[PDB]
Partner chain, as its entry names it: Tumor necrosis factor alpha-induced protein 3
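Just one chain is shown here, as structure tokens, and it is the form deposited without its partner chain.
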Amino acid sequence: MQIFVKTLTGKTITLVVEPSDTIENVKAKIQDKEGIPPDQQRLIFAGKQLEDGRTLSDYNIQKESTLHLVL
């Protein structure tokens, strides 16, 4: 299972994840990739604001889904 996260500049991060990963887990991986602090990261999928303590499965984020970092 992998997902893509686009940064505010449009740069693509590719992450290996599992359905039960939380959004907090994904923020931790983005921080390793790009040095973006988790408290600075806001993620959206399909127009939904994603909360740290919910999982990819809870938002119906599937393989090959793209999340966006936003302001």
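Numbering follows the first chain given and starts at 1.
Looking at 20-28 and 56-64 together, the entry lists the larger mean B-factor for 56-64, computed on C-alpha atoms. Ranked against the other modelled residues of its chain, the C-alpha B-factor of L43 as given in the entry falls in the lowest third.
Looking at the C-alpha B-factors along this chain, the one for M1 belongs to the highest third.
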